[PDB]
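Form solved without ligand DND, single chain, as structure tokens, below.
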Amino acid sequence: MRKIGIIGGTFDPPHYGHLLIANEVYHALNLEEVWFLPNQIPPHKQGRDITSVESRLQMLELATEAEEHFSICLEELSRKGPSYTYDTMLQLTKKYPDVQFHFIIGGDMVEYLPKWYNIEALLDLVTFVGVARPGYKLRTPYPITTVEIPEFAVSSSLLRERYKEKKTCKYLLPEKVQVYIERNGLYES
């Protein structure tokens, strides 16, 4: 069974929190690759002024081009939204029967797994990996694998807020991505 880690999110924009987690679990659990699964844009959701999936893909490409082991998974973008993880993992599970997928989540999403659609069936399809800081233990009734990580508490929403409020983004996400954001004036301006 090939071990491939999956990291979901909007990647609007992608940041060192995404890369840090991918690299850590990739090593801790000896995975083959880690795939970044962009979310499809939700309906009604920002049918206003927001990033096109096209720009997210570009930044995501800028952020992962230097790693042969990190690749993009357009599975959720292949269908119209919203995207349920279960349905999504069902498909990757039929396209890649030789793979034991590891769905990776931040320490704080763990308490919300009960609200995920079909979580019990989903736990049959993939093996959940929860990321936590040294010594802190993840509590949940679902089987999860914990991987101690020098966690970076940055997020795409914090980054979007900051680009508008014209705040600092230093050390938060890849420079190449930052250049992309400014050249195209995303969020900022």
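Take the two forms, superpose them, and find the largest set of C-alpha atoms that agree within 1.5 Å; that set is the rigid core. The first residue of the sequence shown is number 1, and the count goes up from there.
We do not show the form solved in complex with ligand DND, though everything after this point is about it.
Undergrad: Give me the residue from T140, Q58, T146, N39 that has a heavy atom within 4.5 Å of ligand DND in the bound PDB entry.
TA: Of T140, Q58, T146, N39, the residue with a heavy atom within 4.5 Å of ligand DND in the bound PDB entry is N39.
Undergrad: Are any of the heavy atoms in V131 no more than 4.5 Å from a heavy atom of ligand DND in the bound PDB entry?
TA: Within the cut-off, so yes.
Undergrad: Decide whether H27 counts as a contact residue for ligand DND in the bound PDB entry under a heavy atom distance cut-off of 4.5 Å.
TA: It does not: once ligand DND is placed as it appears in the bound PDB entry, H27 has no heavy atom within 4.5 Å of it.
Undergrad: Hey, in the bound PDB entry, is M109 touching ligand DND, heavy atoms inside 4.5 Å?
TA: It does: once ligand DND is placed as it appears in the bound PDB entry, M109 has a heavy atom within 4.5 Å of it.
Undergrad: How about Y117: is it within 4.5 Å of ligand DND in the bound PDB entry, going by heavy atoms?
TA: Yes, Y117 sits close enough to ligand DND in the bound PDB entry that at least one of its heavy atoms falls within 4.5 Å.
Undergrad: With both forms fitted on the core, give yes or no for whether the Cα of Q46 moves by 2 angstroms or more between this form and the one not shown.
TA: The answer is yes; the displacement is at least 2 Å.
Undergrad: Superposing on the rigid core, do we see a C-alpha displacement of 2 Å or more at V147 between this form and the one not shown?
TA: No; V147 is a residue whose C-alpha shifts by less than 2 Å between this form and the one not shown when the cores are overlaid.
Undergrad: Establish whether a shift of 2 Å or more occurs at the C-alpha of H27 between this form and the one not shown, with the two forms superposed on the rigid core.
TA: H27: C-alpha displaced by less than 2 Å between this form and the one not shown.
Undergrad: Please check whether, in the bound PDB entry, the CA atoms of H27 and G135 lie closer or farther apart than here, given a change of 3 Å or more.
TA: Distance between the C-alphas of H27 and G135: longer in the bound PDB entry, by 3 Å or more.
Undergrad: Based on a C-alpha change of 3 angstroms or more, tell me if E32 and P134 lie closer or farther in the bound PDB entry than in the shown form.
TA: Result: farther.
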